[PDB]
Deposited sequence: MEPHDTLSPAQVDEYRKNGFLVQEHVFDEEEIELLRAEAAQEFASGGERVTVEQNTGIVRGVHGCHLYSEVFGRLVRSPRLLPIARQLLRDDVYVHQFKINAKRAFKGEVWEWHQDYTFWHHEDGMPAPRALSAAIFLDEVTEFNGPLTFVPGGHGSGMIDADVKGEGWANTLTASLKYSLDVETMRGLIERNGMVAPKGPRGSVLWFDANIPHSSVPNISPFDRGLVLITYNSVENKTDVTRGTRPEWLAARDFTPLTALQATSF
């Protein structure tokens, strides 16, 4: 395994200022293909962990608990050291999901901050968490990229429209916690909007509290993302306020260590 990867000090500053950062070409084509094959197996076999958009498969959750490939992936030397660097802690996986947007398909995903769900549904005490979204496909202007407000995370958590009982609607557009509208307007007047792009195999890191949204893929090309949410071990969720199963909100808080090279 290559000496553990870390972000330069410019990259860190950029991440902290903006709330997101892209690293291009972290994984190669062959690596990505292995991940897409496994994603396809998880979509086939994940049962109640799958989510469907009038639709074929949209999301699958919790895969690192069931898939040896994905269990390894979260420990990768390409990912785990950066998670540790940005969270300034040992880390574990709170949540793992795979979100596809097939060619000419997709939905408008309502503007929202991931930490609002994790705090209220799972008992996350602070927003000392982030997500790594691995691009299974090139992310362009036209296949529904994640779209952020740069610097929007500095609001902390934002008072939010609630819709629904339990958690079923946390995985749908339509979302339980959405940002409706003066909120967004001022945000965007103050801060703007950016949809980071990148080639297949890139990684997009983003803050637990950054607002984000995405639109439909009007391209003839897919937009598959594998999203790993790392949380600080010190920031472990309070399992006594927890409302969701292990494959949405982890309860094993053992600090993660990196994969090492073996002959198999």
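Unmodelled ranges, which are counted on the deposited sequence from position 1 and given in order: That stretch is 54-55, the only one.
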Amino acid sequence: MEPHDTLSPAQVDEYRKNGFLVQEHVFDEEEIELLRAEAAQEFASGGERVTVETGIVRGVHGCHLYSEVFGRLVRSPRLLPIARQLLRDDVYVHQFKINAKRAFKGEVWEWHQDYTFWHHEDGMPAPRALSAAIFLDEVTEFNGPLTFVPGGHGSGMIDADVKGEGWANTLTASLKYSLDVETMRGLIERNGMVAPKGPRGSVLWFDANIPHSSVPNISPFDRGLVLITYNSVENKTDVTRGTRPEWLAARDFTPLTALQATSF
From here on, numbers count along this sequence of modelled residues.
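Between two forms, the rigid core is defined as the largest C-alpha subset superposing within 1.5 Å.
Greatest C-alpha divergence in 7 other deposited structures of this protein once each structure is fitted on the rigid core, 125-133 or 177-185: More C-alpha displacement in 7 other deposited structures of this protein shows up in 177-185.
Quick one: with the core lined up, is it 201-209 or 218-226 that wanders further in 7 other deposited structures of this protein, going by C-alpha RMS? Comparing 201-209 with 218-226, the larger C-alpha deviation in 7 other deposited structures of this protein belongs to 218-226.
Would you mind checking whether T54 is unresolved in the model of at least a third of the other PDB entries compared? Yes.
Could you check the entry and say whether 34-42 or 55-63 has the higher mean CA B-factor? Result of the comparison: 55-63.
Taking the recorded C-alpha temperature factors, which stretch has the higher mean, 88-96 or 155-163? Per the PDB entry, the higher value belongs to 155-163.
Could you check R75, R128, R185, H112 and tell me which one carries the biggest Cα B-factor in the deposited entry? Of the candidates given, the C-alpha B-factor peaks at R185.
Per the PDB entry, maximal CA B factor within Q23, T254, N18, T243: Among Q23, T254, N18, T243, the PDB entry lists the largest C-alpha B-factor for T243.
Compared with the other modelled residues in the chain, in which third is the CA B-factor of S219? For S219, the deposited C-alpha B-factor lands in the highest third.
Assigned third (lowest, middle, highest) for the C-alpha B factor of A195: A195: CA B-factor falls in the middle third of its chain.
Would you mind ranking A258 by its C-alpha B-factor against the rest of the chain and naming the third, lowest, middle or highest? According to the entry, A258 has a C-alpha B-factor in the chain's lowest third.
If you rank every modelled residue in this chain by C-alpha B factor, which third holds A132: lowest, middle or highest? According to the entry, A132 has a C-alpha B-factor in the chain's lowest third.
Going by what the PDB entry lists, where does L171 fall on CA B-factor within its chain: lowest, middle or highest third? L171: CA B-factor falls in the highest third of its chain.
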